[PDB]
Amino acid sequence: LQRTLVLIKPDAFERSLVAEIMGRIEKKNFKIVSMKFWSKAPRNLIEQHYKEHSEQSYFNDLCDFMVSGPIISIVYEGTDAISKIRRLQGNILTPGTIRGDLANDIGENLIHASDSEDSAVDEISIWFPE
Amino acid sequence: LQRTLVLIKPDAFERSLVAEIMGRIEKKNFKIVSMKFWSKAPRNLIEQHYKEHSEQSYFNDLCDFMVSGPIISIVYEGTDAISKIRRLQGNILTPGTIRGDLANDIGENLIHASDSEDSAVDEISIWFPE
Amino acid sequence: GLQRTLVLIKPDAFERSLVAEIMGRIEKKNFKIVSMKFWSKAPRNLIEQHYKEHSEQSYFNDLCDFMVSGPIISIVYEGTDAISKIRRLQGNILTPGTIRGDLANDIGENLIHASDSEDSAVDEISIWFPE
Amino acid sequence: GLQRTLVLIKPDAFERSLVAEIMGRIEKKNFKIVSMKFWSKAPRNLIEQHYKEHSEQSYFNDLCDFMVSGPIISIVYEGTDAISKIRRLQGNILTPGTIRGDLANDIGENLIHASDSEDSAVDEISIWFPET
Amino acid sequence: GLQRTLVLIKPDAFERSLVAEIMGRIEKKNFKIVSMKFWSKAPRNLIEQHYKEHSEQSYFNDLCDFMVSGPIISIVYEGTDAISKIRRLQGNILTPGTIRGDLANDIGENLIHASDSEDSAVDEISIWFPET
Amino acid sequence: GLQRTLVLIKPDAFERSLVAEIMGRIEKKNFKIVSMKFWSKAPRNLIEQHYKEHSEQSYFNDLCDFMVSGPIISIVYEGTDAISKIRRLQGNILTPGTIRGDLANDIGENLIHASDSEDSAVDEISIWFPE
Ligand SMILES: Cc1cn([C@H]2C[C@H](O)[C@@H](COP(=O)(O)OP(=O)(O)O)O2)c(=O)[nH]c1=O
Ligand SMILES: Cc1cn([C@H]2C[C@H](O)[C@@H](COP(=O)(O)OP(=O)(O)O)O2)c(=O)[nH]c1=O
Ligand SMILES: Cc1cn([C@H]2C[C@H](O)[C@@H](COP(=O)(O)OP(=O)(O)O)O2)c(=O)[nH]c1=O
Ligand SMILES: Cc1cn([C@H]2C[C@H](O)[C@@H](COP(=O)(O)OP(=O)(O)O)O2)c(=O)[nH]c1=O
Ligand SMILES: Cc1cn([C@H]2C[C@H](O)[C@@H](COP(=O)(O)OP(=O)(O)O)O2)c(=O)[nH]c1=O
Ligand SMILES: Cc1cn([C@H]2C[C@H](O)[C@@H](COP(=O)(O)OP(=O)(O)O)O2)c(=O)[nH]c1=O
Ligand SMILES: [Mg+2]
Ligand SMILES: [Mg+2]
Ligand SMILES: [Mg+2]
Ligand SMILES: [Mg+2]
Ligand SMILES: [Mg+2]
Ligand SMILES: [Mg+2]
């Protein structure tokens, strides 16, 4: 039984897919543990969240995009939660997942889910320092 | 163009209807303006929110219920937003609405939506004092 | 005020693959299945009892003919005020939001029966669930 | 008996990605497609003919500019009582359960048009499918 | 050609209100119901017969106590390649797109059983529908 | 990497009322309709061109027969990497999550065609949209 961090990206709000995305996590029996609405995320928070990528050349376009609209940060709890929600997120190639059914751009891909126990602990501390 | 207050009640979490409910408001083109997750709402907040009802004999069962599980408080924005989201909420008698399609008890009815300009201003100040 | 009502999923439901869709609308309003029977063909006897009140109508035989034209499922549903709330779920072909309102388009081929009163329920339930 | 009626999927439907959602509700009510055309941009005179009863109203020009602001789909549907049944499906932005009731929140950007009468239906059909 | 297979809707499905959701996915894949029974409580020997290949495992008793903890529905489905197609629909809790992949998160509370072979299928069917 | 691909909604789609469901899956993956035509009956000519590569197969005539058995809609879709992504949406009757995976159950009656490569798209698009 784990906790993991999810961000619902601005494009979800654009395309009104917010509930669709959350619904898929709900219908798999994961529980909201805490949650925040950000009309525009503090760019500092975004930069930390993507620190890993600061050296990639796409980094700035990424931060620009993540701050160009609302986002929701969620802490989800459930059995094998990190691994499972990752699979649920999927990729824009494989049907059945969130990115597989709804997303279409390597950049505008609707959702973030932590990919490891370390990044999960880390990403939760970023959005939910308390 | 108005702002209104919505609560998603504990029974929504019980029955995993949270996204279903939010989805219906999203698909009608209303926008999240701000939002809070409460694993257990401060009973003080609940009592204020339902002050109007303190004289009714059902009052305490009501507060007990509203605090027996998570709730989400949302500020929604959109044309005629107060009136419309009210209609959307509906009642447990009329199909097509949230309560009409999903709820079934006069007490456990999934959602709250402000019913007037005054109560809307008031209810937003309660959950979102800033 | 807990109650019980009798529901028939009609042959057009199977024909058109709307069995899950119909039941799911009843399930989402928090009604519980209490008894259920699948009938590949319903005894013309049982049908005529079910629609005994209509025996003196022009449409009585085409009704029966149709009700035996394919499978049907009889369900006993249970929940607060079930008799009347499931009735509103069923609705009519004129009111969007209901089962007939969204999915049906014909006076006769209309997907679902639901008891219209307590007398009818107690009565209908007996027909389909003699036990 | 069988009627035919004319539907237009408006540009807001394409923008908001509700084209399948809309056609879906009509499909699930057991109505069939007889004719269908996709217009990346509907010609302005077609739009102006289609709304000709509206030609004197203040909103007339803005309406047409809107209906021309993006793609539209015109569809002839066939089904029992199609005209009235599909009018009802469309509903309005005050009626939960209908297309405009669940999905629309604007007097002008309301996703869909359907013929409102036997004659307006026959008329509207010849505009979008004159080759008959 | 046509096969028949046996499905069980488990008690977790009734608790979580996913009975229509589950049957729906099989219905949309074009499989037909031939037989169906609702059990408010399935008799324990039926459950124990149904899982008899499992009788030596540690989990055997807990499994049966679970399958008896609430209602279940048994269904015979008919369709082309039904056994394998419906096994695949069920999937597992690691495979998005399937019943267990989208809706389940427990090794035991996994909503649905379907026959996994021609023989297990014929066998399982006589257990729940012995009157044939 | 914007692309265009040709999609056919087959006669089983209409027969079974899955036209909106199919298109909606394409719409939700953010693909845009660029051209569209409804055909109450498709010219056996156009079909045979479309399936010219299969002309030497056992199934070639039943294929054609079926493709003319009811309406079809040809759609030109457009979006990043559309040719290949719509192909994965279409999937096969063995893989849940795809159109065929969820909705189809037959080698032949399988609801939808999508271009399998750029050559096929450019080629197919021409057949159905000569203009
Ligand atoms: C790898 C990669 C990422 N990105 C951007 C878009 C993504 O939203 C974000 C994160 O990408 P990445 O960390 O590779 O994937 P995930 O979202 O599964 O963690 O960085 C690109 O724009 N191009 C790329 O090649
Ligand atoms: C009127 C009423 C309310 N309640 C409880 C349940 C409801 O969640 C809450 C509010 O009821 P009310 O203010 O009447 O309706 P709304 O939710 O539309 O504002 O009070 C009862 O339990 N019984 C009653 O008769
Ligand atoms: C009234 C009527 C009913 N029927 C059929 C379909 C109905 O489900 C059944 C009884 O009709 P009715 O009492 O109108 O509907 P309900 O199912 O709501 O009781 O008989 C007709 O075929 N034609 C008719 O004119
Ligand atoms: C009344 C009205 C309609 N419209 C648009 C949206 C309507 O679909 C169309 C015709 O209006 P109207 O005839 O009132 O609505 P309906 O479409 O139900 O017949 O014109 C406006 O843009 N402004 C307006 O004030
Ligand atoms: C493996 C396993 C199964 N089960 C339950 C859930 C399974 O549906 C059933 C049989 O297990 P198994 O044969 O592994 O799964 P399947 O249902 O895919 O054949 O028993 C447990 O309760 N505990 C376990 O460790
Ligand atoms: C291979 C094959 C195809 N068909 C039909 C249905 C297929 O959609 C069409 C071409 O077959 P195929 O190339 O296998 O499928 P796809 O549609 O993915 O190209 O011909 C058969 O009826 N039987 C067969 O064995
Ligand atoms: Mg990553
Ligand atoms: Mg009130
Ligand atoms: Mg009646
Ligand atoms: Mg009008
Ligand atoms: Mg097995
Ligand atoms: Mg191929």
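Naming: A, B, ... by sequence-line order, numbering from 1 per chain. Counting starts at 1 for both ligands and their atoms, following the listed order.
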Closest heavy-atom pair, E:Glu124 versus E:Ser115, reported as atoms and distance to 0.1 Å, is OE1-OG, 2.7 Å

Residues B:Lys31, B:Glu77: salt bridge by 4.0 Å N-O rule: no

Would you check if there is a donor-acceptor pair between the side chains of F:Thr95 and F:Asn92 at a distance under 3.5 Å? yes

side-chain contact (heavy atoms from CB on, under 4.5 Å) for F:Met23 and F:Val19? Distances and angles first, verdict last. CA-CA 6 Å; F:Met23 294 181 44; F:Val19 175; 4.0 Å; yes

Hey, could you give me each pair passing ring pair (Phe, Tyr, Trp, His ring centres under 6.0 Å) that has a residue in residues 53-90 of chain E? Not counting sequence neighbours. E:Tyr51-E:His54, E:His54-E:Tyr59

Sole candidate of D:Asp62, D:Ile47, D:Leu46, D:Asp12 that passes side-chain contact (heavy atoms from CB on, under 4.5 Å) when paired with D:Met67: D:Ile47

Could you list each N/O atom of ligand 5 together with any protein N/O atom closer than 3.5 Å, one pair per line with the distance?
from: ligand 5; atom 1: 8 (O); to: E:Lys10; atom 2: NZ; distance (Å): 2.6
from: ligand 5; atom 1: 8 (O); to: E:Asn110; atom 2: OD1; distance (Å): 3.3
from: ligand 5; atom 1: 8 (O); to: E:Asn110; atom 2: ND2; distance (Å): 3.2
from: ligand 5; atom 1: 17 (O); to: E:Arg100; atom 2: NH2; distance (Å): 3.0
from: ligand 5; atom 1: 18 (O); to: E:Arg87; atom 2: NH2; distance (Å): 3.2
from: ligand 5; atom 1: 18 (O); to: E:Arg100; atom 2: NH1; distance (Å): 2.9
from: ligand 5; atom 1: 19 (O); to: E:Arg87; atom 2: NH2; distance (Å): 3.0

